[PDB]
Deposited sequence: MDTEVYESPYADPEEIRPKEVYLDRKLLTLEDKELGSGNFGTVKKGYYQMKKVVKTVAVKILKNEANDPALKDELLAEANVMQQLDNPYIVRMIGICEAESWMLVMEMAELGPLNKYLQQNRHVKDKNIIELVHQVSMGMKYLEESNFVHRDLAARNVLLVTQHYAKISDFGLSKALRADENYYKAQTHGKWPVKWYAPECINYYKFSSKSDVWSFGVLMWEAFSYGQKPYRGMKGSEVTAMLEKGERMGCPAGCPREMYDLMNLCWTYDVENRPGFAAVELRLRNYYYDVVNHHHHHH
């Protein structure tokens, strides 16, 4: 978990930015491994909790944490996913085939199925947080808002409504501050829409309160251009208002698995 600063070489190139600080490209001596380094009392405790979640995860469709390092600032060292965020990649590559989109979306469902089995809630499942190793290999990242579920509870109860990605949140998250694996299923539906819309932002030109009002009317985002009917049907099934009737990740992954192999053959 605790890495040697002497073995870490940070580059001038910045991969991303947020409230925490920045994400930069780096190199760590193991063979030398190319890494993405998240560089930062509240923010420090958030990074330590994020690292504790990532250390417990072992799946090919989840970004692996190398370890943590305390130097000029607190650092969270992760394996490098060269192609970067899914939303930005699809915005730059509009000629990416529909079969390729299903493939990447199915890989996210496989990673989320494992996360569901591991009893962890993502709480930030969006296209910007899906990183590409190759054009045919996707991994789930950004575990900053992620929580390890209690052994006696199937949901995480947030005490306060913080800086939340409301457009990706299920109604129970907005109304009761309850976050379950089925809440991540709703986010996955929005992620599916984003992927088939080639990195377009969901609910464009709308306020968070307007989105809540839209979903209460029973209204959902329209079918993206070129998106298959079966894939839009899954988006709508992920967008089931009532938690109990909404499918889990095992049912979502199976539907994607079967449809992907139908397109392949």
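- Taken in order along the deposited sequence, the stretches absent from the coordinates are 1 to 20, 51 to 52, 63 to 68, 294 to 299.
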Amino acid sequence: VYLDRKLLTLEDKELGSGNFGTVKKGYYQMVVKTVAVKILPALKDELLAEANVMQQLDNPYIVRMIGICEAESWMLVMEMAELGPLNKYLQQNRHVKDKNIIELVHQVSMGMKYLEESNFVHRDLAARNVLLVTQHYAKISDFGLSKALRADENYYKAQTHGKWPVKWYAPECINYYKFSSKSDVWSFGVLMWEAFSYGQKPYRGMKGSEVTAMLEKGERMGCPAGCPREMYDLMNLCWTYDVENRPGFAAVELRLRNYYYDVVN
From here on, numbers count along this sequence of modelled residues.
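- Where the other entries of this protein model the residues before and after it, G111 is kept in all of them rather than dropped from a third.
- In the record comparison, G162 is unmodelled in at least a third of the other entries of this protein that model the residues flanking it.
- Across the two stretches, 80 to 88 and 152 to 160, the PDB entry reports the greater mean Cα temperature factor for 152 to 160.
- Between 230 to 238 and 63 to 71, it is 63 to 71 that carries the larger average Cα temperature factor according to the deposited entry.
- Each of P202, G218, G205, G26 has a CA temperature factor in the record; the biggest one is found at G26.
- Per the deposited record, the Cα B-factor of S146 falls in the lowest third when ranked against the other modelled residues of its chain.
- The entry lists a Cα temperature factor for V96 that places it in the highest third of the chain's modelled residues.
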